[PDB]
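A single chain, nothing else alongside it, follows as structure tokens in the form deposited in one PDB entry.
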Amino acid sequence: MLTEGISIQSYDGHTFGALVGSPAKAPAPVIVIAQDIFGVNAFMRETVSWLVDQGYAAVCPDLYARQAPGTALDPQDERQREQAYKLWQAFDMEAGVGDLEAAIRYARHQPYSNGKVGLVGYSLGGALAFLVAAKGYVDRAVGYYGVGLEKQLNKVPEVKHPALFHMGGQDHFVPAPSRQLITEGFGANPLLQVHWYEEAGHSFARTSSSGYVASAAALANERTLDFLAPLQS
């Protein structure tokens, strides 16, 4: 689901929609939410709700609009999971960073904006959060269980603004040697923080997932909120 009428334009000209949640009290810092591989779906609506309840505004851009605008897939439906994997495999990561950069610019100047912008991404969006952090587009970035971060470690020195990552100790997208690579690599730049949740795997913060772990979700979420709080007026 997207907010009707909302359109954002990327540097290359491509336009896309977004789900927007204005803040309870304005002005407020705006958080761009980078989707998981299921599009802008119920979990995105829940994340927008969560952030608005904590004093933020939120913008979740339709990152699958270069392939299939308006995709919103139910992760409990097997055929829709297959569609999500096919869309993820075809997803252009650099174009996704570009679309997030455009949503970040859009977030800086809405009527409800206080001019500060944070980014929170999950899974696919957690990998995008690290790439956006390396570009320096936002004041603060957060990634939950991004995949493939051990292949992007050369960008660690490029991060010049804070970025926080929550990783599952049982997420097998990140086996032990990849965890060690990330830990050591991210360890070189104090603007990066990575926490490991030993009893959790992928998708541990989505209540709807078979991998939900409430204690890890709660700890990571309060760390996310404490990390974004300086963006507030």
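Only residues modelled in both forms are compared. Definition used throughout: the rigid core is the maximal C-alpha set that superposes within 1.5 Å between two forms. Don't overthink the numbering: it's just position in the shown sequence, from 1.
Beyond the structure shown, there is the form deposited in another entry, which is absent from this document and is the topic of what follows.
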Core-fitted Cα difference of 2 Å or more between the shown form and the other one, single residue among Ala28, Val40, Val174, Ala58: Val174
Direction of Cα pair change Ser123-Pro175 in that other deposited form, magnitude 3 angstroms or more: closer
Residue pair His172, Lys155 - Cα distance in that other deposited form, closer or farther (3 Å or more): farther
Taking the rigid core as reference, consecutive runs of 3 or more residues that move 2 angstroms or more in Cα between the shown form and the other one: 171 to 179
